[PDB]
$ cat model-v4.tsv   # TSV, C-alpha atoms
chain	number	residue	atom	x	y	z
A	1	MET	CA	98.39	105.33	107.01
A	2	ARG	CA	97.41	102.35	104.71
A	3	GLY	CA	94.13	100.96	103.24
A	4	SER	CA	92.54	100.25	99.79
A	5	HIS	CA	88.82	99.50	99.09
A	6	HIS	CA	89.13	98.96	95.25
A	7	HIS	CA	85.41	99.58	94.44
A	8	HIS	CA	84.53	97.80	91.15
A	9	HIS	CA	81.60	99.99	89.89
A	10	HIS	CA	83.20	102.35	87.31
A	11	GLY	CA	80.01	103.58	85.47
A	12	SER	CA	80.31	106.46	82.94
A	13	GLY	CA	78.57	109.55	84.47
A	14	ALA	CA	78.95	111.80	81.35
A	15	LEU	CA	75.17	112.24	80.57
A	16	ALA	CA	74.39	114.87	83.28
A	17	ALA	CA	73.42	118.43	82.16
A	18	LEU	CA	74.14	121.95	83.55
A	19	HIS	CA	72.58	125.45	83.38
A	20	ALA	CA	74.81	127.83	81.33
A	21	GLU	CA	73.70	131.37	82.47
A	22	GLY	CA	72.51	133.52	85.45
A	23	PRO	CA	72.76	132.54	89.20
A	24	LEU	CA	72.20	128.88	88.13
A	25	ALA	CA	75.32	128.82	85.83
A	26	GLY	CA	77.34	125.60	86.54
A	27	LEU	CA	74.48	123.80	88.42
A	28	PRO	CA	72.35	120.66	87.48
A	29	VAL	CA	69.19	121.16	85.38
A	30	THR	CA	67.42	118.09	86.96
A	31	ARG	CA	67.28	115.71	89.99
A	32	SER	CA	68.93	113.07	87.73
A	33	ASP	CA	71.72	115.47	86.58
A	34	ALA	CA	72.46	116.19	90.28
A	35	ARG	CA	72.42	112.42	91.20
A	36	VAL	CA	74.74	111.60	88.24
A	37	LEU	CA	77.11	114.58	88.92
A	38	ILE	CA	77.52	113.29	92.53
A	39	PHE	CA	78.08	109.74	91.12
A	40	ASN	CA	80.65	110.96	88.52
A	41	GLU	CA	82.53	112.98	91.21
A	42	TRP	CA	82.48	110.00	93.67
A	43	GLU	CA	83.80	107.64	90.92
A	44	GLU	CA	86.70	109.97	89.89
A	45	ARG	CA	87.54	110.65	93.61
A	46	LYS	CA	87.35	106.84	94.22
A	47	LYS	CA	89.92	106.28	91.37
A	48	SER	CA	92.29	108.86	93.00
A	49	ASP	CA	91.56	107.85	96.68
A	50	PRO	CA	89.34	104.71	97.24
A	51	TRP	CA	87.90	105.38	100.77
A	52	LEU	CA	85.13	107.86	99.73
A	53	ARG	CA	81.38	106.99	100.26
A	54	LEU	CA	78.67	107.75	97.62
A	55	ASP	CA	75.62	109.63	99.13
A	56	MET	CA	72.84	111.19	96.93
A	57	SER	CA	69.40	111.09	98.59
A	58	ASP	CA	66.80	113.62	97.31
A	59	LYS	CA	67.66	115.68	100.47
A	60	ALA	CA	71.41	115.60	99.53
A	61	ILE	CA	70.46	117.00	96.07
A	62	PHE	CA	68.26	119.81	97.50
A	63	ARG	CA	70.95	120.66	100.17
A	64	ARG	CA	73.71	120.91	97.47
A	65	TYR	CA	71.43	122.42	94.78
A	66	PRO	CA	68.51	124.41	96.37
A	67	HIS	CA	66.94	125.34	92.96
A	68	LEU	CA	65.82	121.68	92.30
A	69	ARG	CA	62.95	121.75	94.94

$ encode --input "model-v4.tsv" --output "structure tokens"
Amino acid sequence: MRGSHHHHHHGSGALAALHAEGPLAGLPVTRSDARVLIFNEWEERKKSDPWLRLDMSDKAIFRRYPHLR
């Protein structure tokens, strides 16, 4: 097994916010926090293992995080 995609967009991704209490504890406060958490995770994963694809449609956010609506 061999292959390297070396994706050049490194971003920052640190600005996203989370809920701190109740059933929502650990989850995004906003649509943009959810989008940027998926971006930050993809970018770190991409640095460890370059093959991964970034997907964060509004439907991907509501499927991962059903409280965003």

$ residues_around --input "model-v4.tsv" --residues "residue 64 (chain A)" --least-positions-apart "2" --cutoff "12 Å" --atoms "all atoms listed in the file" --output "ChimeraX atom specification"
/A:27-28,31,34-35,37-38,55-62,66-69

$ write_last_selection --input "model-v4.tsv" --atoms "C-alpha atoms" --output "mmCIF file, in the coordinates of the input"
data_model
loop_
_atom_site.group_PDB
_atom_site.id
_atom_site.type_symbol
_atom_site.label_atom_id
_atom_site.label_comp_id
_atom_site.auth_asym_id
_atom_site.auth_seq_id
_atom_site.Cartn_x
_atom_site.Cartn_y
_atom_site.Cartn_z
ATOM 1 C CA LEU A 27 74.480 123.800 88.420
ATOM 2 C CA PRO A 28 72.350 120.660 87.480
ATOM 3 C CA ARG A 31 67.280 115.710 89.990
ATOM 4 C CA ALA A 34 72.460 116.190 90.280
ATOM 5 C CA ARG A 35 72.420 112.420 91.200
ATOM 6 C CA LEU A 37 77.110 114.580 88.920
ATOM 7 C CA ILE A 38 77.520 113.290 92.530
ATOM 8 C CA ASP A 55 75.620 109.630 99.130
ATOM 9 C CA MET A 56 72.840 111.190 96.930
ATOM 10 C CA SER A 57 69.400 111.090 98.590
ATOM 11 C CA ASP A 58 66.800 113.620 97.310
ATOM 12 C CA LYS A 59 67.660 115.680 100.470
ATOM 13 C CA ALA A 60 71.410 115.600 99.530
ATOM 14 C CA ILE A 61 70.460 117.000 96.070
ATOM 15 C CA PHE A 62 68.260 119.810 97.500
ATOM 16 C CA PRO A 66 68.510 124.410 96.370
ATOM 17 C CA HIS A 67 66.940 125.340 92.960
ATOM 18 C CA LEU A 68 65.820 121.680 92.300
ATOM 19 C CA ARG A 69 62.950 121.750 94.940
#

$ atom_distance --input "model-v4.tsv" --atom1 "CA of residue 14 (chain A)" --atom2 "CA of residue 45 (chain A)"
15.0 Å

$ atom_distance --input "model-v4.tsv" --atom1 "CA of residue 46 (chain A)" --atom2 "CA of residue 2 (chain A)"
15.2 Å

$ residues_around --input "model-v4.tsv" --residues "residue 47 (chain A)" --least-positions-apart "6" --cutoff "12 Å" --atoms "all atoms listed in the file" --output "list in words"
residues 4, 5, 6, 7, 8, 9, 10, 11, 40 and 41 of chain A

$ atom_distance --input "model-v4.tsv" --atom1 "CA of residue 26 (chain A)" --atom2 "CA of residue 65 (chain A)"
10.6 Å

$ closest_residue --input "model-v4.tsv" --among "A:63, A:1, A:53, A:30" --to "residue 15 (chain A)" --atoms "all atoms listed in the file"
A:30

$ residues_around --input "model-v4.tsv" --residues "residue 44 (chain A)" --least-positions-apart "5" --cutoff "10 Å" --atoms "all atoms listed in the file" --output "list in words"
residues 10, 13, 39, 49 and 50 of chain A

$ write_last_selection --input "model-v4.tsv" --atoms "C-alpha atoms" --output "PDB file, in the coordinates of the input"
ATOM      1  CA  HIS A  10      83.200 102.350  87.310  1.00  0.00           C
ATOM      2  CA  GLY A  13      78.570 109.550  84.470  1.00  0.00           C
ATOM      3  CA  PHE A  39      78.080 109.740  91.120  1.00  0.00           C
ATOM      4  CA  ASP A  49      91.560 107.850  96.680  1.00  0.00           C
ATOM      5  CA  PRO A  50      89.340 104.710  97.240  1.00  0.00           C
TER       6      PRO A  50
END

$ closest_residue --input "model-v4.tsv" --among "A:48, A:16, A:54, A:21" --to "residue 33 (chain A)" --atoms "only C-alpha atoms"
A:16

$ build_atoms --input "model-v4.tsv" --residues "region 58-69 of chain A" --atoms "N, CA and C atoms" --output "PDB file, keeping the file's coordinate frame"
ATOM      1  N   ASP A  58      67.499 112.420  97.785  1.00  0.00           N
ATOM      2  CA  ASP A  58      66.800 113.620  97.310  1.00  0.00           C
ATOM      3  C   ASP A  58      67.136 114.851  98.183  1.00  0.00           C
ATOM      4  N   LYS A  59      67.216 114.657  99.508  1.00  0.00           N
ATOM      5  CA  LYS A  59      67.660 115.680 100.470  1.00  0.00           C
ATOM      6  C   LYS A  59      69.108 116.129 100.234  1.00  0.00           C
ATOM      7  N   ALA A  60      70.043 115.226  99.914  1.00  0.00           N
ATOM      8  CA  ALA A  60      71.410 115.600  99.530  1.00  0.00           C
ATOM      9  C   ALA A  60      71.430 116.480  98.271  1.00  0.00           C
ATOM     10  N   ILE A  61      70.564 116.185  97.295  1.00  0.00           N
ATOM     11  CA  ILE A  61      70.460 117.000  96.070  1.00  0.00           C
ATOM     12  C   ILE A  61      69.913 118.381  96.403  1.00  0.00           C
ATOM     13  N   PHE A  62      68.840 118.485  97.188  1.00  0.00           N
ATOM     14  CA  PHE A  62      68.260 119.810  97.500  1.00  0.00           C
ATOM     15  C   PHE A  62      69.138 120.636  98.460  1.00  0.00           C
ATOM     16  N   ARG A  63      69.949 119.993  99.318  1.00  0.00           N
ATOM     17  CA  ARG A  63      70.950 120.660 100.170  1.00  0.00           C
ATOM     18  C   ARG A  63      72.151 121.186  99.380  1.00  0.00           C
ATOM     19  N   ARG A  64      72.643 120.438  98.379  1.00  0.00           N
ATOM     20  CA  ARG A  64      73.710 120.910  97.470  1.00  0.00           C
ATOM     21  C   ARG A  64      73.220 121.935  96.444  1.00  0.00           C
ATOM     22  N   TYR A  65      72.009 121.724  95.927  1.00  0.00           N
ATOM     23  CA  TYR A  65      71.430 122.420  94.780  1.00  0.00           C
ATOM     24  C   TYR A  65      69.988 122.880  95.096  1.00  0.00           C
ATOM     25  N   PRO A  66      69.810 124.011  95.813  1.00  0.00           N
ATOM     26  CA  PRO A  66      68.510 124.410  96.370  1.00  0.00           C
ATOM     27  C   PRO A  66      67.457 124.816  95.332  1.00  0.00           C
ATOM     28  N   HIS A  67      67.850 125.017  94.068  1.00  0.00           N
ATOM     29  CA  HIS A  67      66.940 125.340  92.960  1.00  0.00           C
ATOM     30  C   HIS A  67      66.171 124.126  92.405  1.00  0.00           C
ATOM     31  N   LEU A  68      66.496 122.887  92.816  1.00  0.00           N
ATOM     32  CA  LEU A  68      65.820 121.680  92.300  1.00  0.00           C
ATOM     33  C   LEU A  68      64.436 121.439  92.920  1.00  0.00           C
ATOM     34  N   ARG A  69      64.247 121.727  94.223  1.00  0.00           N
ATOM     35  CA  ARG A  69      62.950 121.750  94.940  1.00  0.00           C
ATOM     36  C   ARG A  69      62.113 120.459  94.828  1.00  0.00           C
TER      37      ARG A  69
END
